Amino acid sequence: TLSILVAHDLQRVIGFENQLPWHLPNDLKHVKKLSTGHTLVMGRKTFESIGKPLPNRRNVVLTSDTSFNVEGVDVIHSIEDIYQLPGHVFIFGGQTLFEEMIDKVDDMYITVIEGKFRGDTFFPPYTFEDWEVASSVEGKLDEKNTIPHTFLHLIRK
């Protein structure tokens, strides 16, 4: 299976100045649950924004840099390389990789953050005419989770 895994706000913002614009531990738990024991594929900039691979899953970084080498990270140099990765593969970020992959993936796990944040990085536009809502689950508002958010699982029609 090839899936997108993303959190975006009401205007599809996913990032600002190398950071997630919001703080939502519940969504990090969601990521951990979905992707543990599987594979994350991310662009070079997304990886460097996090700085270290996420534990207990395969971390794959897409870059043109032939010297790129990080402990606990597997490197690929082409989009075509993604299709050779075994198991459940999650396209993890960023804007560039999402733009290259949105027309290719089987499904998308999207956390819709019900706010409007300042951003410099965006998920590509998409229409529900193309995507069936397999599930839609409201996140719980919390001491440490104070922004409304909805977990969507979308499957290509």
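Don't overthink the numbering: it's just position in the shown sequence, from 1.
Averaged over Cα atoms, the B-factor as recorded in the entry is higher for 129-137 than for the other of 129-137 and 6-14.
Stretches compared: 62-70, 105-113. Higher mean C-alpha B-factor in the entry: 62-70. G37: CA B factor lies in the middle third for its chain, per the PDB record. In the deposited entry, the Cα temperature factor of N56 places it in the highest third of its chain's modelled residues.
In the deposited entry, the Cα temperature factor of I50 sits in the top third of values across the chain's modelled residues.
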